[PDB]
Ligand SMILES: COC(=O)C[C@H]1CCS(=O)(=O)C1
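Okay, here we've got a single chain as structure tokens, the form solved without the named molecule, with questions on binding and movement later.
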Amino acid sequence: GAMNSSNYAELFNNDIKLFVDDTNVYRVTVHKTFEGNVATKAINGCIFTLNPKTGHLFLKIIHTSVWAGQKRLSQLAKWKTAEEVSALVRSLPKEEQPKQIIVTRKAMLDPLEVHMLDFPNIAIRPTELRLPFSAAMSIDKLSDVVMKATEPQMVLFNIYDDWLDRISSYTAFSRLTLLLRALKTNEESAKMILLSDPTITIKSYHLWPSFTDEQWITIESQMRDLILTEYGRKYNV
């Protein structure tokens, strides 16, 4: 059934699972036309498909040509997501295929179920958690590869950098969701916190800065402060 606070350690057990977030698949800018009407222009998007135990992120870039001449794009985007996730599963060796796929938005349930009919033993599950994966396009290197794409493309990253050498998956996921929650809440401040100190760099092959354990505790505290601040600001407290 639904994944929530009660069954949270299940994310880090040894049954392969993937989260799928479709928030950033269909992305538009809204603008005025010469006649004063409103129109949209699509920009490139992406499917965010993440193994929370390993940090493996299958980032399928959705190029705007996908939408050409199609109607009801927000509906189509859910089905295109499900088609691409099904294709990914089929491309993986049997021993790497997930036993569960958790969708971050319940509207993905039926599209994904229908596309996965050939996999009756893969459970398709919603979640009660409000996960901040929409903020993935606030990670500079992810946003850059999506915007530069000239055609459909899959790009493979570990979203945890090398953190699993020093911390458990549970702690890595908690750090990731904190960072993303902060970036979603106040992107400018969050990115300031992450880059304030010019001596800490991001390795070429990483997404996040190379913090020591002590610096990560400081950083994490700064992100909590930001989230609480923005909370009071937005809510006056």
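In this text, residue numbers run from 1 along the sequence as written.
Below: the form solved in complex with the named molecule, not depicted.
Undergrad: Does at least one non-hydrogen atom of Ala149 fall within 4.5 angstroms of the named molecule in the bound PDB entry?
TA: Contact check for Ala149: no, nothing within 4.5 Å of the named molecule in the bound PDB entry.
Undergrad: Even though the partner isn't displayed, in the bound PDB entry is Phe173 close enough to the named molecule, meaning a heavy atom within 4.5 Å?
TA: Close contact exists here: in the bound PDB entry, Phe173 approaches the named molecule to within 4.5 Å, heavy atoms only.
Undergrad: Under a 4.5 Å heavy atom criterion, is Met108 part of the interface with the named molecule in the bound PDB entry?
TA: Answer no; every heavy atom of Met108 is more than 4.5 Å from the named molecule in the bound PDB entry.
Undergrad: State yes or no: in the bound PDB entry, is some non-hydrogen atom of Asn44 no more than 4.5 angstroms from a non-hydrogen atom of the named molecule?
TA: So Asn44 does not count as contacting the named molecule.
Undergrad: Residue by residue through 107-131, tell me which have a non-hydrogen atom within 4.5 angstroms of the named molecule in the bound PDB entry.
TA: Stretch hits, in order: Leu129, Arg130, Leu131.
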